[PDB]
Amino acid sequence: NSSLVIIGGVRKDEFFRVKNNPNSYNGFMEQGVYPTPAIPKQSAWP
Amino acid sequence: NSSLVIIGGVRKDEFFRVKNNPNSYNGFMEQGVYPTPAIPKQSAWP
Amino acid sequence: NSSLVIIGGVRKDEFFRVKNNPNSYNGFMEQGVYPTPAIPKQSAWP
Amino acid sequence: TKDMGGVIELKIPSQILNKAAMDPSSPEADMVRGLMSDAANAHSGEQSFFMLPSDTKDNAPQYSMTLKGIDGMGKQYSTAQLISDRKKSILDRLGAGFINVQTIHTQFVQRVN
Amino acid sequence: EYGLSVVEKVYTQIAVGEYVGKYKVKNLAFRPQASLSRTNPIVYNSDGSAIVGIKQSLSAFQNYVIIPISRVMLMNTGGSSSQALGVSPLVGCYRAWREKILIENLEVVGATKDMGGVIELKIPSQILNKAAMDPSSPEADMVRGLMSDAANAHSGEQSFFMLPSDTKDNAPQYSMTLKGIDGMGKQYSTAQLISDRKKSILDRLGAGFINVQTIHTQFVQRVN
Amino acid sequence: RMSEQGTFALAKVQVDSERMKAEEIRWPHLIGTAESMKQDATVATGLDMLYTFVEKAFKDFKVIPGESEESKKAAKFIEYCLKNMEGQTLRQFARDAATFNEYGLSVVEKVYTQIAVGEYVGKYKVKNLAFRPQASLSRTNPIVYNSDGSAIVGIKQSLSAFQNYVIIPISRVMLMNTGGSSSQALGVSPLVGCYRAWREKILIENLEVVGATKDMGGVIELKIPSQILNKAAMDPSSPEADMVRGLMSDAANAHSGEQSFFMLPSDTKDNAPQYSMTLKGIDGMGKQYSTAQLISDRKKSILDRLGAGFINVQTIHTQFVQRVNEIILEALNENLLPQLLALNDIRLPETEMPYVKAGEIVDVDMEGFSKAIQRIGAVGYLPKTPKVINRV
Amino acid sequence: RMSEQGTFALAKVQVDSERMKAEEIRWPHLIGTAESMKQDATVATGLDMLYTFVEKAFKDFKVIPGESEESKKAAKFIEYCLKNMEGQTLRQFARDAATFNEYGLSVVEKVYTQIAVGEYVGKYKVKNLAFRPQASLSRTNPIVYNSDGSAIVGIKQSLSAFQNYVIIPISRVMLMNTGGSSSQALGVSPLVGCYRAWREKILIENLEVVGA
Amino acid sequence: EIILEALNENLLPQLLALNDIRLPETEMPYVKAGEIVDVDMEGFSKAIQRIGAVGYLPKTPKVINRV
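Put into structure tokens, the structure is as follows:
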């Protein structure tokens, strides 16, 4: 009885683990009709 | 039976404990598409 | 059976005890982005 | 001044309230004194939230927190337009009713002259 | 501002100049209303017929008396010739100013206390009570985590909630809801209350046009 | 008769006025509260626009001589002195003098020097109209009076201003103040009055930022039986632990896109289901006070005291600038010029004293002026002089 | 009498003004905070439109002579010198001088050279109105005063600007500043005041993108 | 105006001093910046007529070159 309630986005440790995951796909990858170089292909910041 | 009801932000001791926590991630850290130097990377005030 | 119903802000004794508490944090302390000298850091009036 | 819409109401079992009143040096007394000061300072800010026990004894819960509101309909008479009608009623007798927006005011002054 | 104004005329002789031998006026010495006598400022005859002079307090001659009427130039407004202490234009405004201030105070506290959408959490009291008496128990650690996580709960790229779904009665054990006013909000619209009182104050000074030959120009001519 | 029978009570009129102020705006503190204001983007803007036209007026200044031949020579010497200060110009002086709109007060000291070589060798110029900053003055008593509160003998400057990281006689100082009568040495800063409104304006803006950040409407909530949550916490190498770790990352990345969906078990144990997913919303009514119009009222409240309230949309703003110009000209015409002529023993009658006239703050209308000359000219009421010709 | 009885207090008026600022906009930092602003599409646009008309004004400049014959000859020589700087024009100088709208301050050094062959052989032109960038100045004390805080003796430039990848006397330097009185050597940048509003404006735009 | 003050009062007096051109105060030339707003052809043309039709406009090459 230690991890009943989980709130996301309120810890730096949890934020960067999801952000730096190479398999992660987030909202900033919406390529739309055809891919364009204006939209990132990786989750982690440069 | 001493700590049933908890209200946040109504004590200076508790407010600074969360604010000064180096692992805290709050709403003022919203980096967006890519990081910018106009947005803090630490919770505590300088 | 003497203190069933409590109404706040209707007594001077209760108002000043909360107001003069050094640990109190009220709505007039909203520092926002970064602290400014236009907003008080203590609850009690000068 | 008396339109207390959205005021905070707290419900606590009377066992805690009664124990504090007769045992000033008991753990119930400390928590009650904390509530009387914490609830007064309950504003909206960067760290405002509420945490209450979720026990239940009957169809109603033991602990609850709700914001009150007028259960029905508010006032209807719109006292604002009542005052405006009476102000124009007063100024008309002095010929100075144009401030509510040869003239009437100029002709009125000639009478006194 | 005070219905009244006192100026004393002082004359001096010329030493060297175009009009040597004549008398100038040295200073039209202003006597502040605050430095005057607080008890009787103006003294009359044995009857209430005329004025013999104006009294100044003895406390104005210190660092941190009756002046004859013939030496003083009196100006007053808002009253007839029989009102020595004229009616200040702020008389009348006063009641409206008292209301205007009070309403503005209610707006500030009202906006601060409109906790709509605040986060409320419900937890079984077994966990809360165990933490209070066992600071070194797993319940204590999770409670301390909630007190900090809930304070930082903003909206961002990773905000979500995960709660146990246990149920003991018609109501669930764990829940999370955002509060709202259960009914109707305020009705009086304090905004238009203040606007009416502001126009009420400025009208007495003829400067009410800022709320949007004129009235303001004619008002200045009176003072001149 | 020829005898004063009273006092101005300078020393009392002050001491009442310091009590009747909120304590953050009394003399030794107002110097800090002014510079902790200004950093408001509506307060800076009001002061900047005021200085814009004050500098313009005192740029193309003119000295108007009298009728006699003596006055014309004096006017030329005055123009030379005012345009040849070593390292100073009237525009810089005007923008230093106009600081009484921030602190109610302004101190300038007159220093005279002799000419070595030039057109007026042997005479005395003015070296610098030395501005004394209000911040470097004495924080205790800035202004010293007689044994009584009747008149002023001088102004005190702090001893800490003579360091790197005293009483100046009144006859050497040019004092400018505004907002008060002649009996208020420390004038009323136009920021007095604004102060209470500025305090509110700031607080409301702070609430808007935190309020918009904390409006978690539509946030995702997940309910899972506590058997899975508890098993993961005590068995890090169990299948429950793997699925819990997957949820903590998948839920964070849950956006809307081309492949967004949810799939949950449909088991049921009681009136409520075991697994669920709902989007939260405010259960009731939202905020009511509409903090937007609160700020707009307070902004117009602040700018009105500076006459610059028209930005919220002959004028009020132009008339306000003329007030500042006239105060400076009185000190310049009546305190410096008579003394400057006395040093070079140019003694003239009252009607022959030259005076300095400030420039015009509003540009001339070419359309209006050109057709105004014709209408006067076509009748013959306009004299034939080089003064009229040079106006084109 | 003919004697000063006070000081301008340049060295104090500064030291009060650096405290009364949020720490991200004090001298050694403002150089970075300016260039980390500008990349806002409303801040760039405001500065660009200002420079548009400043360059226009100082393009078709004119020199107005006096009445005597001596002044007319002097005016012609002035026009030649101002229009014949080696590698510089007044438009470039105007758009370098106007940088005090970003940093409160601008430093230009005057260099004179002799003429070898030309219409005015033997006289002295101005070679370049050398602009000293605010970023290459001294980050500790940029401006040096007397033993007292009365006047300015010169301006210091960092030693790191003489490398590829010192105190200049005041008599050689043309100082321009805005937003402050004569007692504020480091003028108030127009971006002071804007700063708090810019911080909020950015944060809100970030919330809109993640919210949608 | 800020730029012109530095240009008129710091460079020009020093530049003339080096080439020993010493003049009285009233004979110092000064630099005048250009106009930031373009001239209105409609307004200017009809302004010249109104002044010209009365005879208040001098006959000089300065006026002629303005076209």
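Protein sequence lines, in the order shown, are assigned to chains C, F, B, Y, D, U, A and H.
Residues are numbered in PDB author numbering as their position in the first sequence, beginning at 1, plus a constant of 117.
Residues are numbered in PDB author numbering as their position in the second sequence, beginning at 1, plus a constant of 117.
Residues are numbered in PDB author numbering as their position in the third sequence, beginning at 1, plus a constant of 117.
In case it helps, PDB author numbering puts the fourth sequence at residues 255 to 355, 370 to 381.
In case it helps, PDB author numbering puts the fifth sequence at residues 128 to 191, 208 to 355, 370 to 381.
In case it helps, PDB author numbering puts the sixth sequence at residues 27 to 191, 208 to 355, 370 to 448.
In case it helps, PDB author numbering puts the seventh sequence at residues 27 to 191, 208 to 254.
Residues are numbered in PDB author numbering as their position in the eighth sequence, beginning at 1, plus a constant of 381.
Note that beta-carbon positions come from the ideal geometry of N, C-alpha and C, so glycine has one too.
Three-state secondary structure assigned by DSSP to residue i
i, result
"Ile262 (chain D)", "strand"
"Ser141 (chain F)", "strand"
"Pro307 (chain Y)", "strand"
"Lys153 (chain A)", "strand"
"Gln375 (chain U)", "helix"
"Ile141 (chain U)", "coil"
"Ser318 (chain D)", "strand"
"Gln183 (chain A)", "strand"
"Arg340 (chain Y)", "helix"
"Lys136 (chain U)", "strand"
"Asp284 (chain U)", "helix"
"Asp174 (chain D)", "coil"
"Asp42 (chain A)", "helix"
"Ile324 (chain U)", "strand"
"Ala83 (chain U)", "helix"
Those residues which DSSP pairs with residue i across a bridge
i, result
"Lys99 (chain A)", "Note: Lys99 (chain A) sits in no beta bridge, so no partner."
"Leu131 (chain D)", "D:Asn219"
"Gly125 (chain C)", "D:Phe303"
"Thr333 (chain U)", "In the DSSP output, where bridge partners are listed per residue, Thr333 (chain U) has none listed."
"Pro211 (chain A)", "A:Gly180"
"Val412 (chain U)", "U:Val89"
"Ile169 (chain A)", "A:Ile181"
"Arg241 (chain U)", "Beta-bridge pairing links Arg241 (chain U) to no other residue."
"residue 362 (chain D)", "A gap in chain D, from 355 straight to 370, means residue 362 (chain D) has no coordinates in the model shown."
"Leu163 (chain A)", "A:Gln183"
Cβ separation of residue i and residue j, assumed to be a contact under 8 Å, to the nearest whole Å
i, j, result
"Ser213 (chain U)", "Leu163 (chain U)", "The pair is not a contact, with the Cβ atoms about 18 Å apart (cut-off 8 Å)."
"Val122 (chain B)", "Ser291 (chain Y)", "With 8 Å as the limit, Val122 (chain B) and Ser291 (chain Y) do not qualify as a contact, their Cβ atoms being about 17 Å apart."
"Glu300 (chain Y)", "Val418 (chain U)", "Wrong, their Cβ atoms sit about 49 Å apart, outside the cutoff."
"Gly328 (chain U)", "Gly326 (chain D)", "That pair is no contact at about 13 Å."
"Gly113 (chain U)", "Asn154 (chain U)", "7 Å"
"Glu242 (chain A)", "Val150 (chain B)", "6 Å"
"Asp312 (chain D)", "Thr310 (chain Y)", "5 Å"
"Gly32 (chain U)", "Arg158 (chain D)", "6 Å"
Nonlocal neighbours in the same chain, by C-beta distance under 8 Å from residue i, ignoring five residues either side
i, result
"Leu438 (chain U)", "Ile429, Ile432 and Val444"
"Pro394 (chain H)", "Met409"
"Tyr150 (chain A)", "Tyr138, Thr139, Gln140 and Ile141"
"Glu30 (chain U)", "none"
"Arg52 (chain U)", "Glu44"
"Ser224 (chain A)", "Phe34"
Cβ neighbours of residue i in the same chain (closer than 6 Å, five flanking residues each side left out)
i, result
"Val208 (chain D)", "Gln183"
"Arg121 (chain U)", "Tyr77 and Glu81"
"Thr220 (chain D)", "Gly229"
"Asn137 (chain F)", "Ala161"
"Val69 (chain U)", "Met63"
"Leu321 (chain U)", "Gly260"
Own chain partners of residue i with C-beta closer than 7 Å, once the 5 adjacent residues on each side are dropped
i, result
"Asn172 (chain D)", "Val179"
"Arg117 (chain U)", "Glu81, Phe84 and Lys85"
"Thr407 (chain U)", "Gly92"
"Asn167 (chain D)", "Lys182"
Between the segment 376–384 of chain U and the segment 256–272 of chain U, do at least 3 Cβ pairs fall closer than 8 Å?
-> These segments do not touch.
Contact between the segment 220–232 of chain A and the segment 80–91 of chain U: three or more CB pairs below 8 Å?
-> By the Cβ test, the segment 220–232 of chain A is not in contact with the segment 80–91 of chain U, since fewer than three Cβ pairs between them sit closer than 8 Å.
On the three-pair Cβ rule with 8 Å, is the segment 284–295 of chain Y touching the segment 122–130 of chain F?
-> Note that the segment 284–295 of chain Y touches the segment 122–130 of chain F; at least 3 beta-carbon pairs, one per stretch, sit closer than 8 Å.
The segment 99–107 of chain U in contact with the segment 61–69 of chain U per 3-pair CB rule at 8 Å | As far as the Cβ criterion goes, the segment 99–107 of chain U does not touch the segment 61–69 of chain U, which means the pair count is below three.
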